[PDB]
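Have a look at the structure below before the remarks.
Please treat every number below as a calculation from the coordinates, not as lab data. Reconstructed Cβ throughout: ideal geometry from the backbone, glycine too, with neighbour counts over all protein chains shown.
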Amino acid sequence: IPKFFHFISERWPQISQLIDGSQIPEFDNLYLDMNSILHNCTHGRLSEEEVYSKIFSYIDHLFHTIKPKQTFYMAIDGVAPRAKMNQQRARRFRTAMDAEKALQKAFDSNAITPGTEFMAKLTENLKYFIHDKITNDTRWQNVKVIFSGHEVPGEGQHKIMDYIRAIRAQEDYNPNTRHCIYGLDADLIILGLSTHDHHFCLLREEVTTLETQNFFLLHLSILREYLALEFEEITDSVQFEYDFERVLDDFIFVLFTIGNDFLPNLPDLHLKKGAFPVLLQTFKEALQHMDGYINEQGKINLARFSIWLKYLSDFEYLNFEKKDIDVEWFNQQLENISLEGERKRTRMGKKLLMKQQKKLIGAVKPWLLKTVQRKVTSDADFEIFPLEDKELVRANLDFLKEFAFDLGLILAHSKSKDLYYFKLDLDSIXXXXXXXXXXXXXXXXXXXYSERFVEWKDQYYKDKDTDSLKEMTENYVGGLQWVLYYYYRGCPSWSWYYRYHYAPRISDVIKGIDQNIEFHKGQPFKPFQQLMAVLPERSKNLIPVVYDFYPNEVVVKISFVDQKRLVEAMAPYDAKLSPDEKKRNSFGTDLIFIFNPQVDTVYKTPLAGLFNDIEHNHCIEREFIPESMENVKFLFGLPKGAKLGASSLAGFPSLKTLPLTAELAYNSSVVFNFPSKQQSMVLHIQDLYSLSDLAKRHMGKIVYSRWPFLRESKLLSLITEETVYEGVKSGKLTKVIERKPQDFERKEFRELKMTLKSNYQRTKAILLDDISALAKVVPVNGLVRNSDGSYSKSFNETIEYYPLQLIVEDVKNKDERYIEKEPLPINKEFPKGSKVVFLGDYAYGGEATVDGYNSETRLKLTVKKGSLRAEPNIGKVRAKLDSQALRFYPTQXXXXXXXXXXXXXXXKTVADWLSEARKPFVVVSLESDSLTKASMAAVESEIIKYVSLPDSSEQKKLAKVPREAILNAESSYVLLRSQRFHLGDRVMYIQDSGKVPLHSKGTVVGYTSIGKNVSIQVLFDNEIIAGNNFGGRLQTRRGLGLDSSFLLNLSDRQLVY
Ligand SMILES: [Mn+2]
């Protein structure tokens, strides 16, 4: 939907988290919607090796970003239902056209469709990659890999949704399953929301090389929390039982109604002009003038939906009777609508009051006139008129008492106030037949579109007064219903479709709700028939060359295929296919891939270039995947005992952890590039209330920072305007020192507080109290081994500051990856047969196998020395060349700067001359440099020849080895990160998983620190299926940026002996 991510992002400004090598949450399941990848990898013709090189690299990249623990689910598009074939066929036709039109004059992308010759190979290739991976990447070895390829009918998106819905439907489903779906389509956010699984993210890529691309976790846990805040404002006004999950479901129907992939958009919604606030507002008001929800688990209530429609119709109508439409106009429309809802609900309430008022006189009259029929003499000699709605009595006491006064009555009660009633005011008194007339007079007293419009609408339908409109209309309304069912329950029909290119006017949808809608499940086309129902006589050559409905000229007003006419026109030519085409023109199954050490088979490669066979180390089988449905219902909404808010698993965000107040406002929030011109959910944070015992309680202990995304950190000091509380390790117990601030600390503190409060307002719509203190913290960056074999919390060296009000003391669910652990015995910490990294001079970085133990402190191993030849030399050589070739000086700045300041002065010149000079950009963080492009290539050439000199390996039985000559690279990310790296330094990939085969050497060509996280740029010895040429700088795929935790540095050996 057109501004949907943009609009959602600005309005609810904390929903998404940049992935930047800091810890992200653990996930149970990752689902890949892959079709965007295949496209994106087959443009920028390049070769099959290079093409699949990319795709493997992409799938692999996303798999390592998440590290799913249970299920990894890959999906490609099978044959779609008819509801999509017109657009499938419009898209496809535009590609063939644009190819011929553009490029050709001034690879056939359409091959990526099911049944195609390309796609039969793709499945052969991908399968190979999966097998290679499950054989060699340890991380890929404890998950279910499930491939649902193009052989199987349905959209990836939809196939994924059917899996999630099938597993959540069970009676043993983990209630707090952490879900992640990768994909570019904003719609996934809505499908995600549709599942009602709180612990759910979307892997996405930016929207303003692979290792330097930005990816985000969009967090549905906090989005839901924001949504709850969006709609809570009612709770008290709706005429049914308020339920957020049901509200959310209706908000989803509204979102599908606004846009979805199948029906065409309703005309003039004006999204890219700020109707969005208004459309929502529409829903908000509608929800209050209805008898229950619009959406019964995907079933639509048309009666209900037309109450919402009426608002949408007024919307259409008012905006026709406007000139241009802009934000200014929608902002004032938003106000008017709110004001109307307020007025309307006030009248509604006056009406209710008046009704109660009438029943009341209506019940009093006969008992009053009988009471006043008896003249007084000389209290219990009368009937009392009890009143029963105490709560409503109590809200109406001035009235009741004035009523009582007027009719000559008292409003009485009881000491315990459990009974109210009227009674004659007897203590207040003859032709007093004037009391009976005064009573009677008192009782009497209380008993008191446009036409230019229709035409302008008619001139729309003509362009692209009847009852074939009832037919259009009803097709559209049917559609909405097909869409919702599709998403909440599964494809309801392989054959339903919207038979028109355009949507009706909003104010007309009404004509089409007077229907009873059912569907017939049907069955999907065979591949080749779909192949024909889509594809133009311009990419005819992907269809088995053997075969109107196919223009050369064509909002794409491409004709709709007559299906009946088509299955038949092909069945002549049906029996003439190969055995491979009868293979391609059928359906497959989902496949499942398992790891099994006792499997040892040879897997042939369907690829050239850098790929080979998977040898005596091949370890996967494929199988058909079932699913096991039964007499099982789907589960709609949250599962029983699902943890939400402050009880969410670690890693996932929550607003519920602090105490706060939320309000929609024009906060000019700056989520992207310019300040939003619409309201944000502004968060007003409440201070928690000593400041001395606070310091004493938490100093040097673990407190939670980053609010929104609470991670553990250690509290270092507690700045204040006039006082610093510091932490000093006294050995065992760290204690608190209080002192006045130094001038720069008092400077920093004032400059910091002002900077935080406005950044939180401008960037996140968090309105802070005003900064009391300031917790200074460092975050937990892993675990780390101590001498005694124990493992304990490690911390990032970089100081961060947070207002104290955003500091949380504790959290129910703690990040398991950071539970400190006690020492272990040799045989458990390095079990017999375990594979390990040998430190120590014989083979620094050698593959080691634990054979047994000599002692209970010494162990014996087999160490493979992977090479008997000296490490190559150039990196080092070149590093010193560059540094000698480009000397730096202190102000009292590089020789190339000297030449630029001597060029500018000698020309006296400007200005553009300077902008011209600025073209070759050397723009990067402070500790991070590079080898000269020259050097880079010299390193490449001198490697290419090194890696073809004769060379051999060598093993050695070793014994009496002390535990610290060996390490588990697996669980030493911190140690490894702690290593210097310099340009030229020889390096080895040391990790049992990732994108480089174990033990590969390379040279460091340049480092790049994104603050705290270092990324080493490695020119590898051998080519790497996952690498690149560092954007031309190289001539082969030897290049890769990588995190230091993957690398042993062999030049500057920092862990030897
Ligand atoms: Mn979509």
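For each pair in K284/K390; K701/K757; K832/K860; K121/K540, compute the distance between the two Cα atoms and list the pairs where it is over 21 Å.
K284/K390; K701/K757
Of the DSSP beta bridges with both residues in the chain, give the percent that are antiparallel, rounding to the nearest 5.
So the antiparallel bridges amount to about 80 percent of the total.
Show me the ranking of peptides 998-1009, 772-783, 576-587 by mean Cβ neighbours inside 10 Å, starting with the highest.
By packing density, highest mean first, the sequence is 998-1009, 772-783, 576-587.
Quick check: net charge around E225, other residues with Cβ under 12 Å of its Cβ, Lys/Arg +1 and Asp/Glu -1?
Within the 12 Å Cβ shell, the charges total 0.
Quick check: pseudo-label points 7 Å beyond the Cα along Cα→Cβ at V923 and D98, how many nm apart are they?
In this crude label model, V923 to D98 measures out at 2.9 nm.
Identify, among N796, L542, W140, the residue whose Cα sits farthest towards the positive end of the charge dipole of the chain, taking +1 on the Cβ of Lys and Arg and -1 on the Cβ of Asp and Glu, with the dipole about the Cα centre.
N796
Among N265, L184, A503, pick out the residue whose Cα is farthest towards the positive end of the charge dipole of the chain, where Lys and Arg carry +1 and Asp and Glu carry -1 on C-beta, about the Cα centre.
Projecting each Cα onto the dipole axis, the largest value belongs to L184.
In whole Å, what is the distance between the alpha-carbon centres of the stretch 5-25 and the stretch 239-256?
24 Å
Grab the DSSP H runs of the chain that are 4 residues or longer, score each as -39,500 (n - 2.57), total them, divide by all residues and round the 222 nm result to the nearest 500 deg cm²/dmol.
Taken over the chain, the calculation gives -11000 deg cm²/dmol.
Rank these for me by crowding, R91, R785, going from fewest to most other beta carbons within 10 Å.
Ranking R91, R785 by Cβ neighbours within 10 Å, fewest first, gives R91, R785.
For the stretch 58-70, take each phi angle, set θ = phi - 60°, evaluate the Karplus expression 6.51 cos²θ - 1.76 cosθ + 1.60, and give the result in whole Hz per residue in order, putting x for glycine and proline.
Each residue of the stretch 58-70 in turn: 6, 4, 4, 5, 5, 5, 6, 4, 9, 6, x, 9, 10 Hz.
Given a Förster distance of 30 Å, report the FRET efficiency between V778 and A934 from their Cβ-Cβ distance, rounded to the nearest 0.05.
0.15
What ranking of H501, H150 emerges when the number of other C-beta atoms within 10 Å of each C-beta is taken as an exposure proxy, fewest first?
Lowest count first: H501, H150.
Please turn the phi angles of the stretch 1006-1016 into ³J(HN,Hα) values with the Karplus equation 6.51 cos²θ - 1.76 cosθ + 1.60 (θ = phi - 60°), one per residue in order, whole Hz, x for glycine and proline.
Once θ is set to phi - 60°, the couplings for the stretch 1006-1016 become x, 10, 8, 8, 7, x, 9, 6, 9, 10, 8 Hz.
Within the stretch 908-950, whose backbone N sits under 13 Å from a point 7 Å along Cα→Cβ of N1022?
In the stretch 908-950, the label zone of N1022 (backbone N under 13 Å from the point 7 Å along Cα→Cβ) covers 947-948.
Please turn the phi angles of the stretch 710-727 into ³J(HN,Hα) values with the Karplus equation 6.51 cos²θ - 1.76 cosθ + 1.60 (θ = phi - 60°), one per residue in order, whole Hz, x for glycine and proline.
2, 10, 5, 9, 9, 7, 9, 9, 10, 3, 8, 2, 10, 7, 10, 10, 10, x
If R₀ is 45 angstrom, what is the calculated FRET efficiency for the pair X440 and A665, using the beta carbon separation as r and rounding to 0.05?
It comes out at approximately 0.20.
Counting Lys and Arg as +1 and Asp and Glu as -1, what is the net charge of the other residues whose Cβ lies under 14 Å from the Cβ of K355?
That sum, taken over residues with Cβ under 14 Å, equals +4.
Would you list which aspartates and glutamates come within 17 Å of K835, measuring only between C-alpha atoms, while excluding same-chain residues fewer than 8 positions from it?
Straight-distance partners of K835: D137, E847, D851, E954, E964, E970, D992.
Mind ranking 482-493, 841-852, 633-644 by how tightly packed they are, going by the mean number of other C-beta atoms within 10 angstrom, highest first?
Per-residue mean Cβ counts within 10 Å order the peptides as 482-493, 841-852, 633-644.
So if I place +1 on the C-beta of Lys and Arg and -1 on the C-beta of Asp and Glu, and nothing else carries charge, what would the dipole magnitude of the stretch 349-448 be about its Cα centre? I want it in debye, nearest 20.
The dipole of the stretch 349-448 has a size of about 400 debye.
Out of residues 5 or more away from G846 or on other chains, whose amide H comes under 5 Å of its own, with H placed 1.01 Å from N in the peptide plane?
Long-range HN contacts for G846: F838.
If you count, for each residue, the other Cβ atoms within 10 Å and average over each peptide, how do 667-673, 513-519, 677-683 line up from highest to lowest?
677-683, 667-673, 513-519
Counting only other residues whose beta carbon sits under 13 Å from that of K1012, what net charge do I get with K and R as +1, D and E as -1?
That works out to -4.
Among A404, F253, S676, whose Cα lies farthest out toward the positive end of the dipole of the chain, if unit charges sit on the beta carbon of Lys, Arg (+1) and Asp, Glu (-1)?
The residue sitting most towards the positive pole is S676.
Would you mind working out the magnitude of the charge dipole of the stretch 958-1057 relative to its Cα centre, with +1 at each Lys and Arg C-beta and -1 at each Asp and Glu C-beta, to the nearest 20 Debye?
Dipole of the stretch 958-1057, to the nearest 20 debye: 120 debye.
For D548 and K121, what does the FRET efficiency come to when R0 = 35 Å and r is the distance between their Cβ atoms, rounded to the nearest 0.05?
Working from the Cβ atoms, E equals 0.60.
Taking the alpha-carbon centroid of each part, what is the distance from the stretch 156-230 to the stretch 919-966 in angstrom?
40 Å
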